Every structure is written in structure tokens, then in C-alpha cells.
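Numbers here simply count residues along the sequence, with the first being 1.
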Amino acid sequence: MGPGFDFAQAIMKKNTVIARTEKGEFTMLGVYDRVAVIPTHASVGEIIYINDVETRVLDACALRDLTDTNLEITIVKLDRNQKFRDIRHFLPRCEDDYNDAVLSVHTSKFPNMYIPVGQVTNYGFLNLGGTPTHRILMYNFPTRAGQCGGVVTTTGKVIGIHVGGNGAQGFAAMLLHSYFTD
């Protein structure tokens, strides 16, 4: 509808796949080469389905901060025959608050879904499903089951992936440029 939705669409159309684990179907963001991200509660194993095709997992790392606190981001390297467009230059370098964000989801349940979530707070600490978690972003939208892995963008930045909600607020794990240096 406007330039926020334009940037969100550009990311969804080239940099997302549908990932299926034993824990469900997730929006999965491809970042560069065969490297993608997914919420750690997806419980990625040795094999994952990518757009309904059986795919070997070459590496999977559940990120934690240097205090050994959960970040809820798993970085996955896929045995795929095709690379993602490199979007690392759209990742923030530092923790921040944002205006006017969009949450975008693409699954069998929710195809071509875009949600203007508005202001995004650097919330920090969250007890997420009983697990102490850091680097959480919060937005005041009543997000639902089916949106985990959804991409949070502003114009020109890819800032997080949706990891949970409490019925009134939604929560994303930050994406930082430093997670994807090679």
C-alpha cells in the first residue's frame, strides 16, 4: 500500500522459503549464500523441508549472548542447489528502537500476509515460554500462532524475526549484522 509494504514485499519475494520441522511450518528468512534463520523453538534437526522438498541441514547453531542467555535465533546452512540474494547490508549493526515496522508472513496457513505493527521498542529481557531471552523487540499488535519466523522490516532495514506474543503484544528476536560475518 506504501513504501514500508514495498520493502517488505521485496524481501518476501526473493529472501523467504517455507520451512517445515516436526514442530510446524515457519516463515524462514534467507540472508546470504545457503544461510537462513528460524526461531530456535522450531527445533531444527539433520533434515528439514524447504518449500516441501527434503533438504539436508549442513549446520545449525542456536545463538546465545556472551552471558549464555537464549537469543531465540537459529542460523541454518541448507544443502540447497541455489543461493539467496545477499541482504546482509539491510541488517542493523546495533540494538535500537524503530518506527513504522511491517511483519510479513508466508506459509500454507497465511500466504502473502503483511501487518503494519507500528512502533517497535527495544524491550530487552523477556521470559519467552519459560526461557529467559535477550535482545527482544516488542510491537503492540495481537499476533497469533502461525506468525513465528515472520520478518520484521522498516524501509531499508530487516530488523528481526517474530518469536512470540502474549495476546496483546508481539515479540521478535533482533537480527544484527555481526551474526552473519563470514
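- In this structure, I47 and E54 have side chains that are in contact, with non-hydrogen atoms separated by less than 4.5 Å.
- In this model, no donor atom of one side chain and acceptor atom of the other lie less than 3.5 Å apart for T131 and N70.
- Transitive grouping of hydrophobic side chains (ILVMFWY, heavy atoms separated by less than 4.5 Å) brings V102 and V151 into a common cluster.
- Side chain of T27 to main chain of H106: a donor-acceptor pair is present (N/O by atom type, distance under 3.5 Å, no hydrogens or angles).
- In this structure, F84 and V31 approach most closely via the heavy-atom pair CD1-N, 4.0 Å.
- A donor-acceptor pair under 3.5 Å links the side-chain atoms of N15 to the main chain of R85, judged by distance alone.
- Looking only at atom types and distance, the side chain of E25 has a donor-acceptor partner in the side chain of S108 under 3.5 Å away.
- Using a 3.5 Å distance cut-off with no hydrogens or angles, the side chains of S43 and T21 do not pair a donor with an acceptor.
- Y139 and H162 have tilted rings, their planes meeting at an angle from 30° to 60° on a 0 to 90° scale.
- Under 4.0 Å is where a charged nitrogen must lie from a carboxylate oxygen, and between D79 and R56 at least one such pair does.
- Annotation for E95: atom CD counts as buried by contact number, over 12 foreign heavy atoms lying within 6.0 Å.
- Side-chain contact between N127 and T133 is absent, with no heavy atoms from C-beta onward closer than 4.5 Å.
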### Message
Go through it in stages, so that I can follow the logic: the residues are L176 and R93, the test is side chain to side chain contact (heavy atoms under 4.5 Å, CB included), and I'd like the CA-CA distance, side-chain angles, deciding distance and then a yes or no.
### Response
CA-CA 5 Å; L176 297 178; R93 267 135 184 284; over 6 Å; no
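- Contact check for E72 versus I161: no side-chain heavy atoms found under the 4.5 Å cut-off.
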### Query
Can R80 and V53 be said to form a side chain to side chain contact (heavy atoms under 4.5 Å, CB included), step by step?
CA-CA 10 Å; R80 198 151 176 259; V53 175; over 6 Å; no
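- No chain of hydrophobic side-chain contacts below 4.5 Å, direct or via other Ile, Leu, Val, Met, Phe, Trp or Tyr residues, connects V17 to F110.
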### Message
Between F141 and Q169, is the side chain to side chain contact (heavy atoms under 4.5 Å, CB included) condition met? List the steps.
### Response
CA-CA 5 Å; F141 191 87; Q169 303 170 311; over 6 Å; no
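- Here the side chains of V152 and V158 are not in contact, with every heavy-atom distance at 4.5 Å or above.
- No side-chain heavy atom of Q119 sits less than 4.5 Å from a side-chain heavy atom of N140.
- Counting heavy atoms from C-beta outward, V57 and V44 have side chains that approach closer than 4.5 Å.
- Seen from the ring of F180, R88 does not count as a face-on cation partner, given the 6.0 Å and 45° thresholds.
- With a 4.5 Å cut-off on side-chain heavy atoms, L78 and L58 do not count as touching.
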